[PDB]
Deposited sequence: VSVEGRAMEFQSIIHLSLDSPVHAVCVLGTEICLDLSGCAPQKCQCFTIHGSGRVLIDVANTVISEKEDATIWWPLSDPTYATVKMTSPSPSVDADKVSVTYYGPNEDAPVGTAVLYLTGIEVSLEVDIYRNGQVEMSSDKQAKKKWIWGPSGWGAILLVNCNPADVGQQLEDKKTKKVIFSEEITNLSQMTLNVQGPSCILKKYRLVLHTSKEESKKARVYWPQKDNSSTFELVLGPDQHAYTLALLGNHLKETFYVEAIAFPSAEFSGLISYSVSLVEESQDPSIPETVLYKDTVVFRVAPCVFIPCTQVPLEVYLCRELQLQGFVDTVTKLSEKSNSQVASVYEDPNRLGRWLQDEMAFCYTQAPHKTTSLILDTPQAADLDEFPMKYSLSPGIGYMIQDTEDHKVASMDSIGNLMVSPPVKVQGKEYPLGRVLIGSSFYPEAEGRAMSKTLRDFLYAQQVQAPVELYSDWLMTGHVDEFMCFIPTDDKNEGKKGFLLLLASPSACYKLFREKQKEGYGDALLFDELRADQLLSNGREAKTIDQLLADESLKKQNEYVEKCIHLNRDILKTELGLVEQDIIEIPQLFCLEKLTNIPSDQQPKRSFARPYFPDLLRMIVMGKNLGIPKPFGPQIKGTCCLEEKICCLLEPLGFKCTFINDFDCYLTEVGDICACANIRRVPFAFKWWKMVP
């Protein structure tokens, strides 16, 4: 008999000639051919064979099976043997073996190189955690792709994951078969596989899910380079598997058959967002022909903070403040490479040009993410997200922090199912839903800010209208009720921005303003509870920041004076919006209050003088920034979501 299978029925008469793929086990039926007078048996194998008898003689039970496996490939056909000798009160059975290797290997232990997997079945599984395993694939974020044969540079080839195919066996056995490297039609739309000729040929991708390789000689060693196309999403878990099938070429009436298949599994790394507690590397600035105020002060602050400034062009096809509202700096990481990128959720239709590519420093990626709602003040954009610092909550670690999404509480505007599903599909920053649709912009950054400390490693700052009323009341009692909110601002600057200079006395007697702020205070308190619960915070982690709001067009909250919470956080250097509060002998009481709260904790407060920038209405153009920061040192794959 001639065979390629997991079960072999030995025959006293004809010895079996079989193929053994290395890493697999064959079950040997020893008793089916045994003579009736046989009571016991002995079994012996050659050097490359490992025989297991239920883990020397053995009693002959009703079923008697032995398992065999091979340790190295055969240098010729039938070079290995297993012999069974039947003892009674009488027969021999023989199996000739030829061992071949057919294996696909990846960086399964996440060490930065392809390593041989210890087990053919364990290698199809992807296990999270430090005691886990499973290779990682990175999405191609090359900004050129935004809007068959390719040249790939040594700088770009490190982004790709290796997948090695090894086949070893006698030439006369291997020539009977063909190899097919493949994946399912659906998985092929999610990644590309390249083969170097440097010049690389596309062997698998969205239009090709099977690739044939000829077996010429006694060994084939080929390395393929793989890249993902998309991050995990509602429709995509992140898992992609590749297989090599050994196909027996046929007689035209009998179809071909697959005799063996080896499979590897990749997990496409998630898109990870970065909180403002991470060290700034670069500050991207969309100036919109501005210099004095925001642009100059933020340029100065950035130099003071060991950070680069990258100019950003205006995009005439987008609403103003797009650099902040439609984009986020994030990263994606593999054992062999970390790719920082900007994730863009454009609100405009049919875009042709992408001016943000001029600013992107070498190696910085660019990815687009679709959304559904594109109106002014839409919360369906990546700007409607804030990242917490790393926290432990109820004994559960969130080493990369948790993503915070602005949402609604009235049973209004919201993030689309598409963008929300994309976020939850990343897994490693378990999203928390906050309440922000009471704010005109819908952005939580108008009432909260995390700042790093040199303990949890951070403090949460929260907007507090009650704290501001308390501060103004104390000043009034001290005889400063005549001090003026919006002092040192030009009358037309106030009028053109919907504001009016008011004394502390007029502000404290304004019952409508007080009711607007009481409403805002209730909305912030709802969020304070969710943040304490979901981030494991205690009140010692929170600092109240005096901040007034007003309701504009139900109506929505807007900062009354420039929002102190809208900080540019650069380590210990804080770029705080200059609020223009009531002055008490040449000093703004709001600047003095916030400096008294933050300076003793090691913070350097720089007040950004730019009233028009901070009072810009939603949709209107203004200078803005987006800071690119150091990715977390904690490796995402070692987390157990």
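Enquirer: Could you list, start to end, the deposited-sequence stretches with no C-alpha atoms?
Expert: In sequence order, the gaps with no modelled C-alpha are 1-6, 62-71, 106-110, 169-175, 226-229, 283, 445-447, 491-495, 595-605.
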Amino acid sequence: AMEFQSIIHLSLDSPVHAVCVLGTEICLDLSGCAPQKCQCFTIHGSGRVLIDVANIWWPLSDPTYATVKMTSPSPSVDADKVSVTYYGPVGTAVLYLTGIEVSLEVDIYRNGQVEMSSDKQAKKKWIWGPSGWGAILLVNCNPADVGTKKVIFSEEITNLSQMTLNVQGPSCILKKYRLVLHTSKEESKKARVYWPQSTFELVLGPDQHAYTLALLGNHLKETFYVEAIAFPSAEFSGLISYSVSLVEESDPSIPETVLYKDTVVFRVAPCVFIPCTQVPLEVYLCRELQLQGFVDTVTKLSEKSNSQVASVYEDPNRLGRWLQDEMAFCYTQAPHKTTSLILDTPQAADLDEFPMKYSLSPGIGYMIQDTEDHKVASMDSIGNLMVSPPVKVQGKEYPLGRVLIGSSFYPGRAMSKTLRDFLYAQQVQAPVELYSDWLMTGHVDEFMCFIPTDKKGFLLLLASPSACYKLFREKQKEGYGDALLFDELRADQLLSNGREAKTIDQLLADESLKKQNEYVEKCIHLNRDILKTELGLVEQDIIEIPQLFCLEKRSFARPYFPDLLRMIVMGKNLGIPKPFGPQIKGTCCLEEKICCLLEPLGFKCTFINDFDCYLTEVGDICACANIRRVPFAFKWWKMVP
From here on, numbers count along this sequence of modelled residues.
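Enquirer: So, looking at the entry's B-factor column for Cα atoms, which has the higher mean, 309-317 or 476-484?
Expert: Going by the record's values, the stretch with the higher mean is 309-317.
Enquirer: Is the mean CA B factor in the deposited entry higher across 186-194 or across 344-352?
Expert: Mean CA B-factor is higher for 344-352.
Enquirer: Per the entry's Cα B factor values, which of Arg499, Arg490, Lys392, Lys304 stands out as the maximum?
Expert: Across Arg499, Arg490, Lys392, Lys304, the entry lists the biggest C-alpha B-factor for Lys304.
Enquirer: Go through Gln168, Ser464, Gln113, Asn517 one by one and give the residue whose Cα B-factor in the PDB entry is largest.
Expert: Result of the comparison over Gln168, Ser464, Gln113, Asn517: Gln113.
Enquirer: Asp612's Cα B-factor: lowest, middle or highest third of the chain?
Expert: It falls in the middle third of the chain.
Enquirer: How does the C-alpha B factor of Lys176 compare with the rest of the chain: lowest, middle or highest third?
Expert: It falls in the middle third of the chain.
Enquirer: Pull the Cα B-factor of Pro275 out of the PDB entry and bin it into the chain's lowest, middle or highest third.
Expert: Lowest third - that is where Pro275 ends up once the chain's C-alpha B-factors are sorted.
Enquirer: Lowest, middle or highest third: which one holds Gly365 when the chain's residues are ordered by CA B-factor from the entry?
Expert: Ranked within chain, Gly365 CA B lands in the middle tercile.
Enquirer: Once the chain's modelled residues are ordered by C-alpha B factor and cut into thirds, is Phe580 in the lowest, middle or highest one?
Expert: Its C-alpha B-factor, which the entry lists for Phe580, ranks in the lowest third among residues of this chain.
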